[PDB]
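Engineer: I have a structure I would like to understand better, so I am pasting it below and will then ask my questions one at a time.
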Amino acid sequence: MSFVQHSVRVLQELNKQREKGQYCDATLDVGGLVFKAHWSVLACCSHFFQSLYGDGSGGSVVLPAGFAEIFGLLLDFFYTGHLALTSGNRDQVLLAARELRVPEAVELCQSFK
């Protein structure tokens with residue numbers, strides 16, 4: 001009915017789709033670990049993915065294997081708005097946020113205490 005109700009419905013479906021690898025135009029190969037996602041959503045949060053999209057003419061994205069640990073946390077942030085920081089992962093997440101040019105995640109990492 002409302003736009004808010006519809007927004008929730010769409011985001012819940014986007015999350016479900018990413019988990020199931022459905023209607024996903026982004027394939028991200030992180031050291032043999034394959035993540036499916038939506039460029040629309042990646043480009044929302046990451047300047048790196050905005051830049052990589054280009055004309056859309058593309059292909060899959062192979063990312064450095066080092067991201068495998070915490071890339072899923074970043075994707076979770078893109079899809080939910082929550083960044084699951086801990087004392088143990090903060091520095092790794094901060095580095096990924098820098099490399100992926102995710103200003104909101106940088107700020108959350110810096111303010112983490």
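Within each chain, counting starts at residue 1; across the structure tokens, chains are named A, B, ... in the order shown, with ligands numbered 1 upward in that order.
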Write out as a VMD selection string which residues come within 8 Å of residue 96 (chain A) when counting only C-alpha atoms, dropping same-chain ones fewer than 3 positions away.
Structural biologist: chain A and resid 67 70 to 71 74 92 to 93 99 to 100
Engineer: May I have all residues of region 1-84 of chain A that DSSP, computed from the backbone, assigns to helix (DSSP H, G or I), given as an mmCIF file with N, CA, C and O atoms, in the first residue's frame?
Structural biologist:
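Written output follows (selection.cif):
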```cif
data_model
loop_
_atom_site.group_PDB
_atom_site.id
_atom_site.type_symbol
_atom_site.label_atom_id
_atom_site.label_comp_id
_atom_site.auth_asym_id
_atom_site.auth_seq_id
_atom_site.Cartn_x
_atom_site.Cartn_y
_atom_site.Cartn_z
ATOM 1 N N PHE A 3 4.378 3.510 0.239
ATOM 2 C CA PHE A 3 5.694 3.394 -0.344
ATOM 3 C C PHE A 3 6.654 2.724 0.641
ATOM 4 O O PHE A 3 7.528 1.911 0.242
ATOM 5 N N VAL A 4 6.471 2.983 1.933
ATOM 6 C CA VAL A 4 7.350 2.352 2.956
ATOM 7 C C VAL A 4 7.127 0.838 2.946
ATOM 8 O O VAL A 4 8.095 0.065 2.898
ATOM 9 N N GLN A 5 5.866 0.414 2.896
ATOM 10 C CA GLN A 5 5.513 -0.996 2.854
ATOM 11 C C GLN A 5 6.112 -1.666 1.635
ATOM 12 O O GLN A 5 6.753 -2.718 1.731
ATOM 13 N N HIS A 6 5.954 -1.012 0.484
ATOM 14 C CA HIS A 6 6.601 -1.492 -0.731
ATOM 15 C C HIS A 6 8.123 -1.550 -0.691
ATOM 16 O O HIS A 6 8.730 -2.529 -1.215
ATOM 17 N N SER A 7 8.771 -0.538 -0.084
ATOM 18 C CA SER A 7 10.223 -0.504 0.072
ATOM 19 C C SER A 7 10.713 -1.730 0.821
ATOM 20 O O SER A 7 11.667 -2.404 0.437
ATOM 21 N N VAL A 8 10.008 -2.039 1.919
ATOM 22 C CA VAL A 8 10.387 -3.213 2.747
ATOM 23 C C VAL A 8 10.231 -4.486 1.917
ATOM 24 O O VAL A 8 11.110 -5.365 1.875
ATOM 25 N N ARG A 9 9.121 -4.574 1.201
ATOM 26 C CA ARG A 9 8.858 -5.732 0.379
ATOM 27 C C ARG A 9 9.928 -5.955 -0.666
ATOM 28 O O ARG A 9 10.443 -7.085 -0.808
ATOM 29 N N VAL A 10 10.304 -4.897 -1.354
ATOM 30 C CA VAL A 10 11.373 -4.962 -2.359
ATOM 31 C C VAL A 10 12.687 -5.378 -1.716
ATOM 32 O O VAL A 10 13.403 -6.252 -2.252
ATOM 33 N N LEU A 11 13.068 -4.744 -0.610
ATOM 34 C CA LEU A 11 14.380 -5.077 -0.006
ATOM 35 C C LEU A 11 14.415 -6.507 0.526
ATOM 36 O O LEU A 11 15.425 -7.235 0.402
ATOM 37 N N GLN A 12 13.303 -6.985 1.074
ATOM 38 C CA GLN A 12 13.243 -8.381 1.536
ATOM 39 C C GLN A 12 13.440 -9.321 0.333
ATOM 40 O O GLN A 12 14.146 -10.332 0.462
ATOM 41 N N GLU A 13 12.840 -8.985 -0.781
ATOM 42 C CA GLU A 13 12.940 -9.822 -1.999
ATOM 43 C C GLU A 13 14.351 -9.749 -2.575
ATOM 44 O O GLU A 13 14.908 -10.784 -2.944
ATOM 45 N N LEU A 14 14.944 -8.560 -2.592
ATOM 46 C CA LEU A 14 16.361 -8.443 -3.015
ATOM 47 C C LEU A 14 17.294 -9.292 -2.170
ATOM 48 O O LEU A 14 18.198 -9.942 -2.688
ATOM 49 N N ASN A 15 17.070 -9.342 -0.854
ATOM 50 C CA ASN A 15 17.890 -10.138 0.020
ATOM 51 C C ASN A 15 17.714 -11.602 -0.285
ATOM 52 O O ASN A 15 18.682 -12.333 -0.401
ATOM 53 N N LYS A 16 16.459 -12.026 -0.438
ATOM 54 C CA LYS A 16 16.159 -13.417 -0.774
ATOM 55 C C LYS A 16 16.812 -13.783 -2.118
ATOM 56 O O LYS A 16 17.478 -14.871 -2.238
ATOM 57 N N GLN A 17 16.659 -12.906 -3.110
ATOM 58 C CA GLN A 17 17.252 -13.151 -4.439
ATOM 59 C C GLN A 17 18.780 -13.309 -4.357
ATOM 60 O O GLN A 17 19.332 -14.217 -4.956
ATOM 61 N N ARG A 18 19.445 -12.428 -3.627
ATOM 62 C CA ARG A 18 20.911 -12.534 -3.508
ATOM 63 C C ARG A 18 21.331 -13.854 -2.892
ATOM 64 O O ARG A 18 22.286 -14.498 -3.335
ATOM 65 N N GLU A 19 20.596 -14.297 -1.868
ATOM 66 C CA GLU A 19 20.939 -15.523 -1.177
ATOM 67 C C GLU A 19 20.799 -16.703 -2.114
ATOM 68 O O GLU A 19 21.621 -17.637 -2.079
ATOM 69 N N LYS A 20 19.767 -16.670 -2.942
ATOM 70 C CA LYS A 20 19.488 -17.754 -3.876
ATOM 71 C C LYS A 20 20.168 -17.580 -5.238
ATOM 72 O O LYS A 20 20.078 -18.462 -6.072
ATOM 73 N N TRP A 39 23.945 -5.229 -9.208
ATOM 74 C CA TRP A 39 24.788 -3.995 -9.427
ATOM 75 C C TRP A 39 24.124 -2.751 -8.926
ATOM 76 O O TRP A 39 24.773 -1.822 -8.406
ATOM 77 N N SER A 40 22.809 -2.708 -9.067
ATOM 78 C CA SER A 40 22.028 -1.576 -8.573
ATOM 79 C C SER A 40 22.292 -1.305 -7.102
ATOM 80 O O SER A 40 22.500 -0.150 -6.698
ATOM 81 N N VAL A 41 22.350 -2.376 -6.321
ATOM 82 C CA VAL A 41 22.552 -2.306 -4.872
ATOM 83 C C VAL A 41 24.023 -2.078 -4.563
ATOM 84 O O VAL A 41 24.346 -1.249 -3.707
ATOM 85 N N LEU A 42 24.916 -2.789 -5.277
ATOM 86 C CA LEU A 42 26.386 -2.541 -5.088
ATOM 87 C C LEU A 42 26.739 -1.057 -5.313
ATOM 88 O O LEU A 42 27.469 -0.459 -4.515
ATOM 89 N N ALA A 43 26.169 -0.468 -6.372
ATOM 90 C CA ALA A 43 26.450 0.913 -6.799
ATOM 91 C C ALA A 43 25.831 1.915 -5.854
ATOM 92 O O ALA A 43 26.284 3.055 -5.737
ATOM 93 N N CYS A 44 24.811 1.510 -5.150
ATOM 94 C CA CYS A 44 24.281 2.356 -4.122
ATOM 95 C C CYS A 44 25.331 2.713 -3.063
ATOM 96 O O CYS A 44 25.381 3.840 -2.583
ATOM 97 N N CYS A 45 26.113 1.724 -2.650
ATOM 98 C CA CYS A 45 26.939 1.878 -1.448
ATOM 99 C C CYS A 45 28.417 2.035 -1.721
ATOM 100 O O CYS A 45 29.137 2.577 -0.898
ATOM 101 N N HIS A 47 31.568 3.188 -4.252
ATOM 102 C CA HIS A 47 32.060 3.905 -5.427
ATOM 103 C C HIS A 47 32.925 3.000 -6.344
ATOM 104 O O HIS A 47 33.025 3.236 -7.561
ATOM 105 N N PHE A 48 33.556 1.977 -5.760
ATOM 106 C CA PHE A 48 34.354 1.036 -6.523
ATOM 107 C C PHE A 48 33.441 0.310 -7.521
ATOM 108 O O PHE A 48 33.759 0.185 -8.692
ATOM 109 N N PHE A 49 32.293 -0.146 -7.055
ATOM 110 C CA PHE A 49 31.409 -0.898 -7.957
ATOM 111 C C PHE A 49 30.712 0.017 -8.966
ATOM 112 O O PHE A 49 30.445 -0.404 -10.120
ATOM 113 N N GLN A 50 30.394 1.248 -8.550
ATOM 114 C CA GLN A 50 29.895 2.263 -9.504
ATOM 115 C C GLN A 50 30.842 2.387 -10.655
ATOM 116 O O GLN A 50 30.419 2.427 -11.803
ATOM 117 N N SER A 51 32.140 2.495 -10.358
ATOM 118 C CA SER A 51 33.168 2.693 -11.390
ATOM 119 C C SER A 51 33.352 1.470 -12.272
ATOM 120 O O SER A 51 33.600 1.576 -13.462
ATOM 121 N N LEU A 52 33.240 0.298 -11.672
ATOM 122 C CA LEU A 52 33.535 -0.935 -12.368
ATOM 123 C C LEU A 52 32.401 -1.266 -13.345
ATOM 124 O O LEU A 52 32.625 -1.879 -14.379
ATOM 125 N N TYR A 53 31.190 -0.830 -13.016
ATOM 126 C CA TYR A 53 30.006 -1.102 -13.844
ATOM 127 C C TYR A 53 30.214 -0.612 -15.272
ATOM 128 O O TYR A 53 29.946 -1.328 -16.242
ATOM 129 N N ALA A 65 41.581 -12.666 -3.302
ATOM 130 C CA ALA A 65 41.156 -13.729 -2.388
ATOM 131 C C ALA A 65 41.044 -13.247 -0.936
ATOM 132 O O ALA A 65 40.189 -13.723 -0.183
ATOM 133 N N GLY A 66 41.887 -12.284 -0.558
ATOM 134 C CA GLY A 66 41.920 -11.754 0.808
ATOM 135 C C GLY A 66 40.591 -11.262 1.355
ATOM 136 O O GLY A 66 40.405 -11.235 2.567
ATOM 137 N N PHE A 67 39.674 -10.879 0.463
ATOM 138 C CA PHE A 67 38.354 -10.369 0.852
ATOM 139 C C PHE A 67 37.413 -11.480 1.340
ATOM 140 O O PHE A 67 36.385 -11.188 1.948
ATOM 141 N N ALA A 68 37.734 -12.745 1.087
ATOM 142 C CA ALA A 68 36.736 -13.799 1.302
ATOM 143 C C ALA A 68 36.184 -13.779 2.726
ATOM 144 O O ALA A 68 34.991 -13.981 2.940
ATOM 145 N N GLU A 69 37.044 -13.488 3.698
ATOM 146 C CA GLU A 69 36.646 -13.531 5.111
ATOM 147 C C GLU A 69 35.461 -12.601 5.441
ATOM 148 O O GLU A 69 34.509 -13.014 6.111
ATOM 149 N N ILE A 70 35.529 -11.373 4.923
ATOM 150 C CA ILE A 70 34.725 -10.239 5.378
ATOM 151 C C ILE A 70 33.910 -9.584 4.239
ATOM 152 O O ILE A 70 33.053 -8.758 4.495
ATOM 153 N N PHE A 71 34.182 -9.920 2.980
ATOM 154 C CA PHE A 71 33.314 -9.464 1.888
ATOM 155 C C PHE A 71 31.822 -9.737 2.163
ATOM 156 O O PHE A 71 30.970 -8.881 1.925
ATOM 157 N N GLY A 72 31.479 -10.894 2.689
ATOM 158 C CA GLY A 72 30.084 -11.161 2.999
ATOM 159 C C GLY A 72 29.489 -10.173 3.992
ATOM 160 O O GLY A 72 28.302 -9.816 3.881
ATOM 161 N N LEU A 73 30.305 -9.713 4.953
ATOM 162 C CA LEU A 73 29.839 -8.704 5.916
ATOM 163 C C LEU A 73 29.518 -7.424 5.200
ATOM 164 O O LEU A 73 28.554 -6.726 5.527
ATOM 165 N N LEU A 74 30.349 -7.072 4.229
ATOM 166 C CA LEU A 74 30.119 -5.819 3.515
ATOM 167 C C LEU A 74 28.858 -5.940 2.694
ATOM 168 O O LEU A 74 28.060 -5.031 2.679
ATOM 169 N N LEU A 75 28.663 -7.074 2.019
ATOM 170 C CA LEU A 75 27.438 -7.282 1.236
ATOM 171 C C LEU A 75 26.212 -7.229 2.103
ATOM 172 O O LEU A 75 25.234 -6.609 1.733
ATOM 173 N N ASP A 76 26.307 -7.812 3.290
ATOM 174 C CA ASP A 76 25.245 -7.737 4.255
ATOM 175 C C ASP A 76 24.890 -6.288 4.558
ATOM 176 O O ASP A 76 23.713 -5.939 4.726
ATOM 177 N N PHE A 77 25.907 -5.454 4.712
ATOM 178 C CA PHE A 77 25.692 -4.033 4.958
ATOM 179 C C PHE A 77 24.939 -3.380 3.790
ATOM 180 O O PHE A 77 24.026 -2.567 3.968
ATOM 181 N N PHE A 78 25.367 -3.694 2.560
ATOM 182 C CA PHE A 78 24.716 -3.139 1.389
ATOM 183 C C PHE A 78 23.212 -3.510 1.334
ATOM 184 O O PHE A 78 22.417 -2.689 0.874
ATOM 185 N N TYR A 79 22.903 -4.729 1.758
ATOM 186 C CA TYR A 79 21.558 -5.277 1.649
ATOM 187 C C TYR A 79 20.672 -4.994 2.841
ATOM 188 O O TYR A 79 19.462 -5.174 2.741
ATOM 189 N N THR A 80 21.247 -4.587 3.968
ATOM 190 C CA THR A 80 20.478 -4.410 5.217
ATOM 191 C C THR A 80 20.692 -3.119 5.960
ATOM 192 O O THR A 80 19.889 -2.781 6.823
#
```
Engineer: Near residue 112 (chain A), counting only C-alpha atoms, which residues have an atom at most 9 Å away, once you skip same-chain residues fewer than 5 positions from it, shown as a list in words?
Structural biologist: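 Near neighbours after the sequence-gap exclusion: residues 85, 86, 87, 90 and 107 of chain A.
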Engineer: Could the residues in this selection be written to a file with C-alpha atoms, as an mmCIF file, in the first residue's frame?
Structural biologist:
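Saved result, part_24.cif, follows:
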```cif
data_model
loop_
_atom_site.group_PDB
_atom_site.id
_atom_site.type_symbol
_atom_site.label_atom_id
_atom_site.label_comp_id
_atom_site.auth_asym_id
_atom_site.auth_seq_id
_atom_site.Cartn_x
_atom_site.Cartn_y
_atom_site.Cartn_z
ATOM 1 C CA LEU A 85 31.670 -4.942 13.365
ATOM 2 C CA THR A 86 33.625 -6.605 16.138
ATOM 3 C CA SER A 87 36.962 -5.783 17.770
ATOM 4 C CA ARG A 90 37.098 -3.971 12.470
ATOM 5 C CA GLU A 107 32.787 6.184 9.159
#
```
Engineer: Among region 14-101 of chain A, which ones does DSSP assign to strand (DSSP E) (computed from the backbone)? Answer as a list in words.
Structural biologist: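 Put together, the selection reads residues 26, 27, 28, 29, 30, 33, 34, 35, 36, 37, 61, 62 and 63 of chain A.
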Engineer: Measure the distance from CA of residue 26 (chain A) to CA of residue 61 (chain A) in Å and round it to one decimal.
Structural biologist: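 Here the two named atoms are 7.7 Å from each other.
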Engineer: Between CA of residue 91 (chain A) and CA of residue 110 (chain A), what is the distance in Å, rounded to a tenth?
Structural biologist: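 It comes out at 9.5 Å.
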Engineer: Measure the distance from CA of residue 30 (chain A) to CA of residue 64 (chain A) in Å and round it to one decimal.
Structural biologist: 6.0 Å
Engineer: Nearest residue to residue 84 (chain A) out of A:109, A:28, A:62, A:102, using only C-alpha atoms?
Structural biologist: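 For residue 84 (chain A), the nearest of the given residues is A:109.
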Engineer: Counting only C-alpha atoms, what is within 8 Å of residue 105 (chain A), bar same-chain residues fewer than 5 positions away, as a tab-separated table (two decimals) with N, CA and C atoms, in the first residue's frame?
Structural biologist:
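Ended up saving to result18.tsv:
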```
chain	number	residue	atom	x	y	z
A	83	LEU	N	26.26	-2.96	9.61
A	83	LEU	CA	27.63	-3.43	9.48
A	83	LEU	C	28.05	-4.13	10.76
A	94	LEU	N	37.43	-2.25	7.79
A	94	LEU	CA	37.85	-0.91	7.41
A	94	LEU	C	38.66	-0.93	6.11
A	97	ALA	N	36.31	-1.61	3.23
A	97	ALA	CA	35.53	-0.38	3.02
A	97	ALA	C	36.34	0.67	2.26
```
Engineer: Have a look at A:82, A:2, A:113, A:23 and name the one nearest to residue 37 (chain A); count only C-alpha atoms.
Structural biologist: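 Using only C-alpha atoms, the shortest distance to residue 37 (chain A) belongs to A:23.
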